[PDB]
Every structure is written in structure tokens, then in C-alpha cells.
$ cat protein_5.csv   # CSV, C-alpha atoms and all ligand atoms
chain,number,residue,atom,x,y,z
A,1,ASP,CA,31.4,28.3,166.6
A,2,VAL,CA,34.0,31.1,167.4
A,3,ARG,CA,36.7,29.9,165.1
A,4,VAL,CA,34.3,30.2,162.0
A,5,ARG,CA,33.0,33.7,160.9
A,6,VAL,CA,29.7,33.9,158.9
A,7,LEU,CA,26.6,36.1,158.5
A,8,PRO,CA,23.7,34.7,160.5
A,9,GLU,CA,21.2,35.7,157.8
A,10,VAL,CA,21.6,36.5,154.1
A,11,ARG,CA,19.0,38.0,151.6
A,12,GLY,CA,18.8,37.8,147.8
A,13,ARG,CA,16.2,38.7,145.3
A,14,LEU,CA,14.5,35.8,143.5
A,15,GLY,CA,16.6,35.4,140.3
A,16,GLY,CA,19.4,37.5,141.8
A,17,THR,CA,22.7,36.7,143.4
A,18,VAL,CA,24.2,36.3,147.0
A,19,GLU,CA,27.5,35.9,148.8
A,20,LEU,CA,27.7,33.6,151.8
A,21,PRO,CA,30.8,34.7,153.7
A,22,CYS,CA,32.9,32.2,155.7
A,23,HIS,CA,36.3,32.4,157.3
A,24,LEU,CA,38.4,30.6,159.9
A,25,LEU,CA,39.0,33.4,162.4
A,26,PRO,CA,42.0,32.1,164.5
A,27,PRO,CA,44.9,32.5,162.1
A,28,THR,CA,46.6,29.4,163.4
A,29,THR,CA,49.2,27.1,161.7
A,30,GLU,CA,46.9,24.0,161.3
A,31,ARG,CA,46.0,22.7,157.9
A,32,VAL,CA,42.5,22.7,156.5
A,33,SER,CA,41.9,19.1,155.7
A,34,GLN,CA,38.9,20.3,153.6
A,35,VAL,CA,36.0,22.8,153.4
A,36,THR,CA,32.3,22.0,152.7
A,37,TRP,CA,28.9,23.7,152.7
A,38,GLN,CA,25.9,21.7,153.6
A,39,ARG,CA,22.3,22.5,153.8
A,40,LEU,CA,20.7,21.4,157.0
A,41,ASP,CA,18.8,18.7,155.1
A,42,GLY,CA,22.2,17.2,154.6
A,43,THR,CA,22.8,18.2,151.0
A,44,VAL,CA,26.4,19.0,150.3
A,45,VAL,CA,26.4,22.0,148.0
A,46,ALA,CA,30.1,22.7,147.4
A,47,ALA,CA,33.4,21.5,148.7
A,48,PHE,CA,37.2,21.7,148.4
A,49,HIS,CA,38.7,18.3,149.0
A,50,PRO,CA,42.1,17.4,150.3
A,51,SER,CA,44.1,16.6,147.2
A,52,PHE,CA,41.3,16.2,144.7
A,53,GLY,CA,40.5,20.0,144.5
A,54,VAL,CA,37.2,22.0,144.4
A,55,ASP,CA,33.9,20.2,143.9
A,56,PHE,CA,30.1,20.7,143.5
A,57,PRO,CA,28.5,17.3,143.9
A,58,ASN,CA,24.8,18.1,143.7
A,59,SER,CA,23.0,18.3,140.3
A,60,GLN,CA,20.8,21.3,141.4
A,61,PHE,CA,23.7,23.4,142.5
A,62,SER,CA,25.9,23.1,139.5
A,63,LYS,CA,29.3,24.7,139.0
A,64,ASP,CA,27.6,27.0,136.5
A,65,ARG,CA,25.6,28.5,139.3
A,66,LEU,CA,27.7,28.3,142.4
A,67,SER,CA,31.4,29.2,142.9
A,68,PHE,CA,33.8,30.1,145.6
A,69,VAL,CA,34.3,33.9,145.7
A,70,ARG,CA,38.1,33.5,146.0
A,71,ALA,CA,39.1,30.8,143.4
A,72,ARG,CA,43.0,30.7,143.1
A,73,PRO,CA,44.0,29.1,146.5
A,74,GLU,CA,47.8,29.0,146.8
A,75,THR,CA,48.5,27.8,150.3
A,76,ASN,CA,46.5,26.7,153.3
A,77,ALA,CA,45.9,30.3,154.5
A,78,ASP,CA,44.2,30.7,151.0
A,79,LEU,CA,41.7,28.2,152.4
A,80,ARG,CA,40.5,30.2,155.4
A,81,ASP,CA,37.9,31.9,153.1
A,82,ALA,CA,35.2,29.5,152.0
A,83,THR,CA,33.0,32.4,150.8
A,84,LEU,CA,30.3,31.0,148.4
A,85,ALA,CA,28.5,32.9,145.6
A,86,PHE,CA,25.1,31.8,144.3
A,87,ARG,CA,23.9,33.3,140.9
A,88,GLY,CA,20.4,32.8,139.4
A,89,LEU,CA,18.7,32.2,142.8
A,90,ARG,CA,15.7,29.9,142.8
A,91,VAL,CA,13.4,29.5,145.7
A,92,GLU,CA,14.9,26.1,146.4
A,93,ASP,CA,18.3,27.8,147.1
A,94,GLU,CA,16.7,29.0,150.3
A,95,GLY,CA,18.1,27.2,153.4
A,96,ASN,CA,20.3,27.0,156.5
A,97,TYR,CA,23.8,26.5,155.1
A,98,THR,CA,26.5,25.1,157.2
A,99,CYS,CA,30.1,26.2,156.4
A,100,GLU,CA,32.4,23.6,157.8
A,101,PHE,CA,36.2,23.5,158.0
A,102,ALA,CA,37.9,20.2,158.6
A,103,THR,CA,41.2,20.7,160.5
A,104,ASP,CA,43.9,18.1,161.3
A,105,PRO,CA,43.5,15.7,162.9
A,106,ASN,CA,40.7,16.9,165.1
A,107,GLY,CA,38.1,18.3,165.2
A,108,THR,CA,36.2,20.3,162.7
A,109,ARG,CA,34.6,23.7,163.2
A,110,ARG,CA,31.6,25.4,161.5
A,111,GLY,CA,29.2,28.4,161.1
A,112,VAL,CA,25.6,28.7,159.9
A,113,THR,CA,24.1,31.2,157.4
A,114,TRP,CA,20.4,31.5,156.7
A,115,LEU,CA,20.0,32.0,153.0
A,116,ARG,CA,16.6,33.7,152.3
A,117,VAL,CA,15.3,34.3,148.8
A,118,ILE,CA,13.0,37.3,148.5
A,119,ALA,CA,10.4,38.1,145.8
A,120,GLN,CA,9.1,41.7,145.2
A,121,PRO,CA,5.3,41.7,144.8
A,122,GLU,CA,3.2,43.6,142.5
A,123,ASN,CA,0.5,45.7,144.2
A,124,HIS,CA,-2.6,47.7,143.2
A,125,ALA,CA,-5.8,49.0,144.7
A,126,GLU,CA,-9.0,50.0,143.0
A,127,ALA,CA,-12.4,51.3,144.2
A,128,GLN,CA,-15.4,49.1,143.6
A,129,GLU,CA,-18.5,51.1,142.8
A,130,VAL,CA,-21.4,49.9,144.9
A,131,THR,CA,-25.1,51.0,145.4
A,132,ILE,CA,-26.2,52.1,148.8
A,133,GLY,CA,-27.9,49.4,150.9
A,134,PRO,CA,-28.2,47.4,154.2
A,135,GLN,CA,-25.7,44.6,153.6
A,136,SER,CA,-22.0,45.4,154.0
A,137,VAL,CA,-20.0,44.8,150.8
A,138,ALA,CA,-16.5,45.4,149.5
A,139,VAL,CA,-16.2,49.1,148.6
A,140,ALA,CA,-12.4,48.8,147.9
A,141,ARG,CA,-9.8,46.2,147.3
A,142,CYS,CA,-6.1,45.9,147.2
A,143,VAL,CA,-4.0,43.1,145.8
A,144,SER,CA,-0.4,42.3,146.6
A,145,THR,CA,0.6,39.5,144.2
A,146,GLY,CA,3.7,37.3,143.9
A,147,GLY,CA,5.3,38.4,147.1
A,148,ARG,CA,7.8,36.4,149.2
A,149,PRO,CA,7.5,36.4,152.1
A,150,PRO,CA,3.7,37.3,152.0
A,151,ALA,CA,3.2,41.0,152.0
A,152,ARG,CA,1.2,42.7,154.7
A,153,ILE,CA,-1.8,44.8,153.8
A,154,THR,CA,-3.4,47.3,156.1
A,155,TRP,CA,-5.8,50.2,155.4
A,156,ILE,CA,-6.0,53.8,156.4
A,157,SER,CA,-9.7,54.7,156.6
A,158,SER,CA,-11.9,57.3,158.3
A,159,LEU,CA,-14.9,55.0,157.7
A,160,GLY,CA,-15.8,52.3,160.2
A,161,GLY,CA,-15.0,49.3,158.0
A,162,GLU,CA,-13.5,45.9,158.5
A,163,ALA,CA,-10.7,44.9,156.2
A,164,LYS,CA,-10.8,41.2,155.7
A,165,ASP,CA,-8.1,39.8,153.4
A,166,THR,CA,-7.4,36.4,152.1
A,167,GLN,CA,-4.3,34.6,150.7
A,168,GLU,CA,-3.7,32.5,147.7
A,169,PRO,CA,-0.4,31.2,146.4
A,170,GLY,CA,1.0,33.1,143.5
A,171,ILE,CA,1.8,31.8,140.0
A,172,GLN,CA,5.4,31.4,141.0
A,173,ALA,CA,6.4,28.6,143.4
A,174,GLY,CA,7.5,30.2,146.7
A,175,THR,CA,5.4,33.4,146.2
A,176,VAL,CA,2.0,34.3,147.7
A,177,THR,CA,-0.8,36.7,146.9
A,178,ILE,CA,-2.9,38.7,149.3
A,179,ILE,CA,-6.3,40.1,148.3
A,180,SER,CA,-7.6,42.7,150.7
A,181,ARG,CA,-11.3,43.7,150.5
A,182,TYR,CA,-12.4,46.6,152.6
A,183,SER,CA,-16.0,46.3,153.6
A,184,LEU,CA,-18.4,48.6,155.5
A,185,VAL,CA,-22.2,49.0,154.6
A,186,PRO,CA,-22.3,51.6,151.8
A,187,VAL,CA,-23.7,54.8,153.1
A,188,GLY,CA,-23.2,57.7,150.6
A,189,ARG,CA,-20.8,59.9,152.6
A,190,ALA,CA,-18.4,57.2,151.4
A,191,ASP,CA,-18.3,58.7,148.0
A,192,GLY,CA,-15.0,60.4,147.1
A,193,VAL,CA,-13.4,59.6,150.5
A,194,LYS,CA,-9.7,58.9,150.0
A,195,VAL,CA,-8.7,55.6,151.7
A,196,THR,CA,-5.2,54.2,151.5
A,197,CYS,CA,-4.1,50.6,150.9
A,198,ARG,CA,-0.9,50.1,152.6
A,199,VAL,CA,1.4,47.2,151.7
A,200,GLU,CA,4.5,46.4,153.8
A,201,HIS,CA,7.1,44.1,152.3
A,202,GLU,CA,10.7,43.3,152.9
A,203,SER,CA,11.7,44.4,149.3
A,204,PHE,CA,10.6,48.0,149.9
A,205,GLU,CA,12.3,50.3,152.4
A,206,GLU,CA,9.0,51.7,153.4
A,207,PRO,CA,5.4,50.6,153.2
A,208,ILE,CA,3.7,51.3,149.9
A,209,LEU,CA,0.7,53.7,150.0
A,210,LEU,CA,-2.0,53.2,147.3
A,211,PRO,CA,-4.7,55.9,147.4
A,212,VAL,CA,-8.3,55.0,146.6
A,213,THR,CA,-11.4,57.2,146.3
A,214,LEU,CA,-14.5,55.4,147.2
A,215,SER,CA,-17.6,55.4,145.0
A,216,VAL,CA,-21.3,55.1,145.9
A,217,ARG,CA,-24.3,55.2,143.6
A,218,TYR,CA,-27.5,56.9,142.6
B,1,LIG,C1,16.8,28.5,159.5
B,1,LIG,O1,17.3,28.6,160.8
B,1,LIG,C2,16.6,29.6,161.5
B,1,LIG,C3,17.3,29.8,162.9
B,1,LIG,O2,16.8,28.8,163.8
B,1,LIG,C4,17.8,27.6,164.4
B,1,LIG,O3,18.0,26.3,163.8
B,1,LIG,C5,16.8,25.8,163.3
B,1,LIG,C6,17.0,24.6,162.5
B,1,LIG,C7,15.8,25.6,164.4
B,1,LIG,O4,16.3,24.5,165.2
B,1,LIG,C8,15.6,26.8,165.2
B,1,LIG,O5,14.9,26.5,166.4
B,1,LIG,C9,16.9,27.5,165.6
B,1,LIG,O6,16.7,28.7,166.2
B,1,LIG,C10,15.1,29.3,161.7
B,1,LIG,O7,14.5,30.4,162.3
B,1,LIG,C11,13.5,29.8,163.2
B,1,LIG,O8,12.4,29.3,162.5
B,1,LIG,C12,11.6,28.6,163.5
B,1,LIG,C13,10.7,27.5,162.8
B,1,LIG,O9,11.5,26.4,162.6
B,1,LIG,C14,10.8,29.7,164.1
B,1,LIG,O10,9.7,29.2,165.0
B,1,LIG,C15,11.7,30.5,165.0
B,1,LIG,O11,11.1,31.7,165.4
B,1,LIG,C16,13.0,30.9,164.2
B,1,LIG,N1,14.1,31.1,165.2
B,1,LIG,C17,14.6,32.3,165.5
B,1,LIG,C18,15.7,32.3,166.5
B,1,LIG,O12,14.2,33.4,164.9
B,1,LIG,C19,14.5,29.1,160.3
B,1,LIG,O13,13.2,28.5,160.5
B,1,LIG,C20,15.4,28.1,159.5
B,1,LIG,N2,14.9,28.1,158.1
B,1,LIG,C21,14.8,27.0,157.4
B,1,LIG,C22,14.2,27.1,156.0
B,1,LIG,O14,15.1,25.9,157.9

$ encode --input "protein_5.csv" --output "C-alpha cells"
Amino acid sequence: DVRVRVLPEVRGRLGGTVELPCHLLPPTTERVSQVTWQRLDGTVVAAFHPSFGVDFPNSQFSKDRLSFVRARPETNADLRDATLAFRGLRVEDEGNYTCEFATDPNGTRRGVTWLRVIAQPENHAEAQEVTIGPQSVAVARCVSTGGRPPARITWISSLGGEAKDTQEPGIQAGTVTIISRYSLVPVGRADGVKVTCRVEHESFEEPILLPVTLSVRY
């Protein structure tokens, strides 16, 4: 809608807090019958009712966790801002939230914010010592654990290796782990060659560079 003002997407650290803005642009004279926030699955999260007052009907999104960012509404105008604050974000607070204003007698208007919960992963790379030999094996590995969304691992290498990585879910629901094994058939002129594991993830401004010096044996 035009009459309702929201952010198309919002981002908050897992366990952290977010504000979902919402306002009724056209500063008209028409009363706000009520305001309500619904997830797209149809779960009403928070609402200000006509004469009843402010409400938070679902168990999972209790009053202890959600609240309207502007809580002392004098007169209708005071209603034009339905900005909602989440504290203690869980993965399940993820969603497409619809901010809807009911106006009298018809009809209602509404905006949609995508609420995304982000989890910063833990990353590390180590070298695997290997003996020279005809089969390719993993000479180096990098692990990006507990990231949301999944991190992206690439490698910077002067050797002619294939990085083949695999994904498992992390210990935390919502989060995923990437294990990247860099393989090339261990030659000898690998030894001491600095190779970088590069992890990209939303929670970092720039890719993370993890240096590794390769070993080879005998
Ligand atoms: C949250 O919504 C965004 C935006 O998408 C709109 O409404 C959705 C319900 C759906 O109908 C989309 O087609 C609409 O664009 C979603 O972002 C899209 O995600 C889809 C997978 O459903 C993906 O293929 C598209 O590339 C995304 N669209 C755009 C324009 O980037 C997102 O998936 C929704 N998230 C959740 C958890 O529901």
C-alpha cells in the first residue's frame, strides 16, 4: 500500500532486538478502528483493539518480549505509528509481518516487513599434514559453524585444487555449518604454501580471510 509506511526488510542478530516501523502516511481525519500485526501464516502477533486497548494474543510472542515502540497513545493521531519492537529474538520470530490499519468504515490498509534473524558463525581453518602420493586428499580444511544464513566459503590458492565443501545443520536450530576440504594430489611443492580460506557472511562487513600454510611429508 501507499497509505502504510514500513521497511521492506529488517535484520536482527539471533538473540538480539529489532524494530519493525509502521505508520499511516496520509495524515487524514479518519479514525483508526484498530491496528494489528500478522505473520503471513496468519498468526496475529500484537494488536490495539477499538475500546479494549493493546493486546498480544499469541503465547509465543508474549508481552514480555514484544511491545509497541510508542506506548502512551493519547488520540487517534497517536495511532498512526504501530511500530513494533521484538526483544530476545528466536529463529521462529523470522517472518513476513503484515502491519494492518483498520479505518472507518472501509476499508483497511497495510504494509509488509520481512523480519530476518541472523546468526554470526564461528570460523577456522587448519592445515592437514599429508604424505606425498597418487590419490588426491584434503590438504586443508575450513569450517564455518552455526551461521545463519549459511556462510559461503571460497579458497584463494595457487595450487590446482578442487575445494569441495559439505553442509550439516548446526547445533542451534536455524543455523548451518559448512565444512570445506581443499583437495589436490599432494606433491611436495605444496609445503609451506599459504592458502586462504575465505568466508563470506551477512554478519561481517567483509569476507573473513583465514590463512593456512600447507604441509607435506618425508
Ligand atoms: C518473505 O517475503 C519475501 C518477499 O516475497 C513476496 O511474498 C512472498 C510470500 C512470496 O509470494 C514471494 O513470491 C513474494 O515476492 C520472500 O522472498 C522471496 O522468497 C522466494 C521463495 O518463496 C524466493 O524464491 C524469491 O526470490 C524471494 N522474492 C524476492 C522478490 O526476492 C521470502 O521468501 C519470504 N520469507 C518467508 C520466510 O516467508

$ residues_near_ligand --input "protein_5.csv" --ligand "ligand LIG 1 (chain B)" --cutoff "9 Å" --atoms "only C-alpha atoms and all ligand atoms" --output "list in words"
residues 8, 9, 39, 40, 41, 94, 95, 96, 97, 112, 113, 114, 115 and 116 of chain A

$ closest_residue --input "protein_5.csv" --among "A:156, A:102, A:184, A:163" --to "residue 137 of chain A" --atoms "only C-alpha atoms"
A:184

$ atom_distance --input "protein_5.csv" --atom1 "atom CA of residue 154 of chain A" --atom2 "atom CA of residue 91 of chain A"
26.6 Å

$ closest_residue --input "protein_5.csv" --among "A:172, A:131, A:167, A:158" --to "residue 218 of chain A" --atoms "all atoms listed in the file"
A:131

$ closest_residue --input "protein_5.csv" --among "A:126, A:12, A:206, A:48" --to "residue 72 of chain A" --atoms "only C-alpha atoms"
A:48

$ residues_around --input "protein_5.csv" --residues "residue 145 of chain A" --least-positions-apart "4" --cutoff "12 Å" --atoms "all atoms listed in the file" --output "list in words"
residues 119, 120, 121, 122, 123, 124, 125, 149, 150, 151, 152, 153, 166, 167, 168, 169, 170, 171, 172, 174, 175, 176, 177, 178, 179, 180, 199 and 201 of chain A

$ closest_residue --input "protein_5.csv" --among "A:141, A:32, A:100, A:42" --to "residue 73 of chain A" --atoms "all atoms listed in the file"
A:32

$ atom_distance --input "protein_5.csv" --atom1 "atom CA of residue 33 of chain A" --atom2 "atom CA of residue 104 of chain A"
6.0 Å

$ residues_around --input "protein_5.csv" --residues "residue 80 of chain A" --least-positions-apart "6" --cutoff "10 Å" --atoms "only C-alpha atoms" --output "PyMOL selection string"
chain A and resi 4-5+22-27+31-32+35+73+101

$ residues_around --input "protein_5.csv" --residues "residue 132 of chain A" --least-positions-apart "2" --cutoff "8 Å" --atoms "only C-alpha atoms" --output "number ranges by chain"
A: 130, 134, 185-188, 216-218

$ atom_distance --input "protein_5.csv" --atom1 "atom CA of residue 203 of chain A" --atom2 "atom CA of residue 93 of chain A"
18.0 Å

$ closest_residue --input "protein_5.csv" --among "A:183, A:59, A:15, A:110" --to "residue 135 of chain A" --atoms "only C-alpha atoms"
A:183

$ closest_residue --input "protein_5.csv" --among "A:198, A:13, A:148, A:90" --to "residue 60 of chain A" --atoms "only C-alpha atoms"
A:90

$ residues_around --input "protein_5.csv" --residues "residue 45 of chain A" --least-positions-apart "4" --cutoff "8 Å" --atoms "only C-alpha atoms" --output "list in words"
residues 36, 37, 38, 39, 56, 57, 58 and 61 of chain A

$ build_atoms --input "protein_5.csv" --residues "segment 159-171 of chain A" --atoms "N, CA, C and O atoms" --output "PDB file, keeping the file's coordinate frame"
ATOM      1  N   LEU A 159     -13.620  55.689 157.627  1.00  0.00           N
ATOM      2  CA  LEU A 159     -14.900  55.000 157.700  1.00  0.00           C
ATOM      3  C   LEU A 159     -14.760  53.870 158.747  1.00  0.00           C
ATOM      4  O   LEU A 159     -13.675  53.557 159.189  1.00  0.00           O
ATOM      5  N   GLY A 160     -15.852  53.259 159.133  1.00  0.00           N
ATOM      6  CA  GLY A 160     -15.800  52.300 160.200  1.00  0.00           C
ATOM      7  C   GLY A 160     -15.782  50.857 159.632  1.00  0.00           C
ATOM      8  O   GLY A 160     -16.566  50.024 160.073  1.00  0.00           O
ATOM      9  N   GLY A 161     -14.900  50.578 158.683  1.00  0.00           N
ATOM     10  CA  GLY A 161     -15.000  49.300 158.000  1.00  0.00           C
ATOM     11  C   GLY A 161     -14.068  48.230 158.536  1.00  0.00           C
ATOM     12  O   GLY A 161     -13.151  48.510 159.285  1.00  0.00           O
ATOM     13  N   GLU A 162     -14.401  46.984 158.239  1.00  0.00           N
ATOM     14  CA  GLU A 162     -13.500  45.900 158.500  1.00  0.00           C
ATOM     15  C   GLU A 162     -12.830  45.451 157.154  1.00  0.00           C
ATOM     16  O   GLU A 162     -13.489  45.167 156.143  1.00  0.00           O
ATOM     17  N   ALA A 163     -11.503  45.458 157.199  1.00  0.00           N
ATOM     18  CA  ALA A 163     -10.700  44.900 156.200  1.00  0.00           C
ATOM     19  C   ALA A 163     -10.487  43.487 156.459  1.00  0.00           C
ATOM     20  O   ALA A 163      -9.988  43.124 157.514  1.00  0.00           O
ATOM     21  N   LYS A 164     -10.921  42.654 155.541  1.00  0.00           N
ATOM     22  CA  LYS A 164     -10.800  41.200 155.700  1.00  0.00           C
ATOM     23  C   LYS A 164     -10.093  40.729 154.422  1.00  0.00           C
ATOM     24  O   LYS A 164     -10.607  40.895 153.301  1.00  0.00           O
ATOM     25  N   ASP A 165      -8.913  40.166 154.595  1.00  0.00           N
ATOM     26  CA  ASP A 165      -8.100  39.800 153.400  1.00  0.00           C
ATOM     27  C   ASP A 165      -7.875  38.326 153.476  1.00  0.00           C
ATOM     28  O   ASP A 165      -7.989  37.689 154.514  1.00  0.00           O
ATOM     29  N   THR A 166      -7.552  37.805 152.300  1.00  0.00           N
ATOM     30  CA  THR A 166      -7.400  36.400 152.100  1.00  0.00           C
ATOM     31  C   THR A 166      -6.114  36.160 151.283  1.00  0.00           C
ATOM     32  O   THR A 166      -5.613  37.070 150.634  1.00  0.00           O
ATOM     33  N   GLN A 167      -5.576  34.951 151.367  1.00  0.00           N
ATOM     34  CA  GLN A 167      -4.300  34.600 150.700  1.00  0.00           C
ATOM     35  C   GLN A 167      -4.424  33.465 149.768  1.00  0.00           C
ATOM     36  O   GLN A 167      -5.038  32.446 150.076  1.00  0.00           O
ATOM     37  N   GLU A 168      -3.839  33.602 148.596  1.00  0.00           N
ATOM     38  CA  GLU A 168      -3.700  32.500 147.700  1.00  0.00           C
ATOM     39  C   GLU A 168      -2.286  32.411 147.278  1.00  0.00           C
ATOM     40  O   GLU A 168      -1.593  33.416 147.363  1.00  0.00           O
ATOM     41  N   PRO A 169      -1.794  31.232 146.895  1.00  0.00           N
ATOM     42  CA  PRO A 169      -0.400  31.200 146.400  1.00  0.00           C
ATOM     43  C   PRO A 169      -0.353  31.915 145.073  1.00  0.00           C
ATOM     44  O   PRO A 169      -1.349  31.972 144.362  1.00  0.00           O
ATOM     45  N   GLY A 170       0.807  32.479 144.773  1.00  0.00           N
ATOM     46  CA  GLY A 170       1.000  33.100 143.500  1.00  0.00           C
ATOM     47  C   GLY A 170       1.318  32.149 142.433  1.00  0.00           C
ATOM     48  O   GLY A 170       1.382  30.945 142.680  1.00  0.00           O
ATOM     49  N   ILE A 171       1.482  32.664 141.218  1.00  0.00           N
ATOM     50  CA  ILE A 171       1.800  31.800 140.000  1.00  0.00           C
ATOM     51  C   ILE A 171       3.161  31.204 140.184  1.00  0.00           C
ATOM     52  O   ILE A 171       3.388  30.068 139.751  1.00  0.00           O
TER      53      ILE A 171
END
